[PDB]
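The residues making up each chain are set out below.
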Amino acid sequence: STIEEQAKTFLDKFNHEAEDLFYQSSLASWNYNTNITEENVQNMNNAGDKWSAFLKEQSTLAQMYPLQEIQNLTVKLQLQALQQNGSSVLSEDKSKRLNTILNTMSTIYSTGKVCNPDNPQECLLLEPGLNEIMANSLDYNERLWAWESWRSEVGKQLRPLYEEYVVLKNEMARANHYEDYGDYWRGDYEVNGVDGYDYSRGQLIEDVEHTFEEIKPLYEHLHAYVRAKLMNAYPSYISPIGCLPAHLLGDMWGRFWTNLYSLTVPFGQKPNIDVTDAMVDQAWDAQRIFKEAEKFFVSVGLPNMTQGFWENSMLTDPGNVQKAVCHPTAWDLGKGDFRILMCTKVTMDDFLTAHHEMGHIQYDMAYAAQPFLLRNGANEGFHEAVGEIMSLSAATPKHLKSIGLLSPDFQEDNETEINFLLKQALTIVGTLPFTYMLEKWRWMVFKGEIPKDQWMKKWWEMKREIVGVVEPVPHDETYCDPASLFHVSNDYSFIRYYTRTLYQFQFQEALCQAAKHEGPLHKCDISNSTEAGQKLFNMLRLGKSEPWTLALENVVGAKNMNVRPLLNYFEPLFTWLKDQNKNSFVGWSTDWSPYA
Amino acid sequence: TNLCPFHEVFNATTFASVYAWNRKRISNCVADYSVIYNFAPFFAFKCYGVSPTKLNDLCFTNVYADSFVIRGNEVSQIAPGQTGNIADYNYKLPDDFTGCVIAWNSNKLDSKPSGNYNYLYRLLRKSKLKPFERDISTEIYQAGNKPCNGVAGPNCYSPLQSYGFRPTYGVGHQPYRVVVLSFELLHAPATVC
Ligand SMILES: *[C@@H]1O[C@H](CO)[C@@H](O[C@@H]2O[C@H](CO)[C@@H](O[C@@H]3O[C@H](CO[C@H]4O[C@H](CO)[C@@H](O)[C@H](O)[C@@H]4O)[C@@H](O)[C@H](O[C@H]4O[C@H](CO)[C@@H](O)[C@H](O)[C@@H]4O)[C@@H]3O)[C@H](O)[C@H]2NC(C)=O)[C@H](O)[C@H]1NC(C)=O
Ligand SMILES: *[C@@H]1O[C@H](CO)[C@@H](O[C@@H]2O[C@H](CO)[C@@H](O[C@@H]3O[C@H](CO)[C@@H](O)[C@H](O)[C@@H]3O)[C@H](O)[C@H]2NC(C)=O)[C@H](O)[C@H]1NC(C)=O
Ligand SMILES: *[C@@H]1O[C@H](CO)[C@@H](O[C@@H]2O[C@H](CO)[C@@H](O)[C@H](O)[C@H]2NC(C)=O)[C@H](O)[C@H]1NC(C)=O
Ligand SMILES: *[C@@H]1O[C@H](CO)[C@@H](O[C@@H]2O[C@H](CO)[C@@H](O)[C@H](O)[C@H]2NC(C)=O)[C@H](O)[C@H]1NC(C)=O
Ligand SMILES: *[C@@H]1O[C@H](CO)[C@@H](O)[C@H](O)[C@H]1NC(C)=O
Ligand SMILES: *[C@@H]1O[C@H](CO)[C@@H](O)[C@H](O)[C@H]1NC(C)=O
Ligand SMILES: *[C@@H]1O[C@H](CO)[C@@H](O)[C@H](O)[C@H]1NC(C)=O
């Protein structure tokens, strides 16, 4: 007879009405993804259209039930999430125009042609050798041509489209009553109405900058080492002191520095831990790999897999008869259905990816009890940190030797420790400044501090300063350099990757402290501990029931993220790098202009 | 050699919904209780009062068998004293009850890939049922303080809701077929035995 009772009844009907449609849509999507035909794509299209129509109709129906009148806290979260993903605002020929703009951007990003140097002929694409040559090329001029060619072909047309996109997106954000669209994204890390545990949108930026300024020393020293090694390798192309020129960091965009390996290894004499040979020696199999993953995940103290998973999974390429998109995903069809779409190739890397994906699946099983609107995990970084911690703890030489793939007579040395730490750092710490720069620049662009005419120059100046890399060739207002990123082209947030590292390292430190293990944490495991399992599972149960601050307290015992776990992880590398860089001088000088 | 018709209720094509659970009374026949072992391993076999080890040696006046199809986790709510949606609204057992309850998994004949929709249950009512009563009347549920016509629309909800069954559903959502055996001694002066 009361408003909260009415809301409870409405949600009670909504959950059971929506689960069936969501299951149908996700099943159709899975069928299309494993089987790409016209009938499948049409089925997925109509199913998605029906699901969207039902969601928007329900959200419009949810216009009543004022929140300030609502007393129960858990009801407010469901109602707010429903209102947020159901709000349809602005007018026709505007919303539809924006949707068409997004579709055109996706199509033009998918279709990218570089053609041939100064010769109109057959044209490559990023999935073909276009990025492969950047990954494995040692020719400076060849890298020069392709790196500028990609931006030359794509971005010039995207510039006005991106301007109109920004204008319309801010137009919608104004109607959503948020301060701006940067604030719209920043509203995810928000908790209000709870004493002690609360988070506003303002604190996120200051926390990010504080963490970055705490991290800067180690990144500076690693940059100095990388510059020294690159000067040793590439002759007469890099200034001894100054910004590090592009085209050499690896990858099309320089986000990850892993391809830069095999050229800056300190001790190449010692063999790598890579144990892909033993798999083919003992005749391993994908079934065996996934069974080993299940054995680890049940030894830590968590439930095994399901027969439905084992029988409906998708692990090995069927062949040329049926075409599938080989990319690891952990689907959650609902109604107690879980399966993987992946193509194992019997490698140590594939073994690590299996342990990575099974973590997401176990998290999905963990939060299955909570209501539909609260199923998705609290925060957008937790669900990736939980996946990554298993990968960190599943690649240790101790774990490999215990499994048996490693040679029982193998011994660990500080040289191998340095090699492993450097290889890990090249990916773990390299991406943080890039992510921070990209998110900060996009935030400022949305907010409007930077005028349009100064976008390119300010972006390139920021790239010169923060990450110490200089543009090789002049760029003007015609070019749109950041538009080449898939994430910025397809409207995805990007600070989740920045929060992921901090969350995973805090989780790992807490777990390895719970399971008594001395020595450096860089070689730790939780294979045979039944306490860390409970510590994890307690937070995994909640979902969005409790604020992420409370979840973090329950897990580690702290209130907010800190870089102390990461620095503790990377102490030996810091000391060794300081020892190596006695003669060299760290830092950079943006005044030097090889651009000029 | 005048056997009771247990085989008829157990092996049947359809079992009907929950809110309209069927009832059947049988008397004056030779009890066998051997057909129960001609089925797949039962998901749950709990007996209250009588014991299957002795079973047929007892006497009784009347016996009732009720059958209906429920979903997975809902089996646990079928108990002498418990609380839940199905026990509060769809089908209720008295606290001072004796008998046996039988349920086995049946996700091979009641589920279709297109989605079975011939099974329903009630999830919106008031006046939690007194034990052993059936409510089949369907009317638009009143919510709020507004007169409500035949059309539901807003703030008025149509009760009852379908399960939906598919072969790929996980365990705990697969259909289950339950039969509950209820009989009494009739402690009052009884003519028969
Ligand atoms: C309310 O509204 C919000 C905002 O719309 C919704 O948030 C969405 O949440 C989903 C669930 O995470 C997000 O989906 C994620 O997309 C990422 C982007 O990947 C793209 O690129 C890859 C190729 O690199 C493509 O294959 C992919 O299809 C995407 O096009 C994925 O990377 C994420 O995958 C991660 O998790 C899975 C878990 O199985 C792992 O297997 C992966 O390896 C990876 O770690 C994920 O799929 C989505 O992006 C969010 N929206 C937005 C706008 O960002 C809420 O869900 C919604 N609430 C509801 C519906 O209840
Ligand atoms: C806000 O509303 C939610 C939704 O009703 C409240 O959560 C509910 O809390 C009650 C307990 O007070 C739960 O009842 C439980 O039912 C099970 C059924 O077997 C029973 O075994 C337990 O002993 C208990 O009685 C109810 O399930 C739960 N609802 C949900 C959806 O989880 C919540 O308490 C409300 N907020 C506040 C501050 O009360
Ligand atoms: C991939 O999709 C095609 C297109 O639907 C499937 O081919 C159909 O398969 C069904 C069986 O489920 C048949 O009834 C249809 O007659 C088939 N149509 C055609 C045009 O061949 C194909 O089976 C799918 N592959 C799978 C599911 O592995
Ligand atoms: C966790 O426990 C398992 C089982 O107790 C350990 O596996 C055994 O390891 C010893 C060490 O060589 C072998 O001799 C046994 O044959 C193994 N048994 C099985 C069933 O695999 C495992 O080594 C332990 N791991 C850690 C890190 O302590
Ligand atoms: C999970 O299944 C495996 C395979 O039968 C079994 O060995 C293991 O004991 C099971 N563990 C649990 C917790 O069910
Ligand atoms: C590594 O260990 C060897 C002997 O174990 C020692 O001689 C050497 O100085 C060590 N180097 C570093 C950098 O710790
Ligand atoms: C059920 O009864 C029919 C007809 O009496 C019979 O054909 C069928 O075999 C029975 N079921 C089983 C499992 O024997």
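Reading guide: rules and limits
- Residues numbered from 1 in each chain as written, not as in the entry; some residues may be left out.
- Chains lettered and ligands numbered in written order.
- Heavy atoms only, no water.
- Salt bridge = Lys/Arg side-chain N within 4 Å of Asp/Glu carboxyl O.
- Buried < 20%, exposed > 50% of the residue type's maximum accessible area, 1.4 Å probe, protein only.
- UniProt positions renumbered as here; feature names shortened; annotations may be inferred.
- Helix = DSSP H or I, 4+ residues; strand = E, 2+ residues; numbered from the N terminus.
- Contact = heavy atoms within 4.5 Å.
- Polar contact = N/O pair within 3.5 Å; in protein donor to acceptor, adjacent residues only side chain to side chain.
- Disulfide = S-S within 2.5 Å.

Per the PDB entry, chain A carries the name Processed angiotensin-converting enzyme 2 and comes from Homo sapiens.

Enquirer: Hey, could you run me through the pattern of salt bridges in this one?
Expert: Two side chains of opposite charge can pair, provided their charged atoms sit close to one another. With the rule as written, the count across this model stands at 21 salt bridges over all chains. One salt bridge in this structure joins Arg174(A) and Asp180(A), with 3.0 Å as the shortest N-O distance. By relative accessible area, which is 46% here, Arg174(A) ends up partly exposed. Between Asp135(B) and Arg125(B) there is a salt bridge, with the nearest N and O atoms lying 3.2 Å from each other.

Enquirer: Got a minute to help me understand the UniProt feature "binding site: Zn(2+)" in chain A in this structure?
Expert: Residue and element names in this part refer to chain A. Here, the residues flagged by UniProt with the feature "binding site: Zn(2+)" are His356, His360 and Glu384. For the annotated residues, spread through 29 residues, the largest C-alpha to C-alpha distance comes to 9.3 Å, consistent with a single compact locus. Mapping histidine 360 onto the fold places it in helix 13 (residues 348–366). The buried category is assigned to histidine 360, whose relative accessible area is 12%. Ignoring anything within four residues of it in the chain, the contact list for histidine 360 reads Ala330, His383, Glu384 and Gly387. At 3.1 Å, the side chain of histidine 360 forms a polar contact with the side chain of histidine 356.

Enquirer: How should the UniProt feature "disulfide bond" in chain B be read in this particular structure?
Expert: All names here are of chain B. Disulfide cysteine 47/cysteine 100 (UniProt): S-S 2.0 Å, present in this structure. Of this pair, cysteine 47 sits in strand 2 (residues 44–48) while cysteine 100 is found in strand 4 (residues 99–105), placing the two residues 53 residues apart along the sequence. In terms of burial, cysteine 47 and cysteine 100 fall into one category: buried. A sulfur gap of 2.0 Å between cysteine 59 and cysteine 193 means the disulfide that UniProt records is present in these coordinates.

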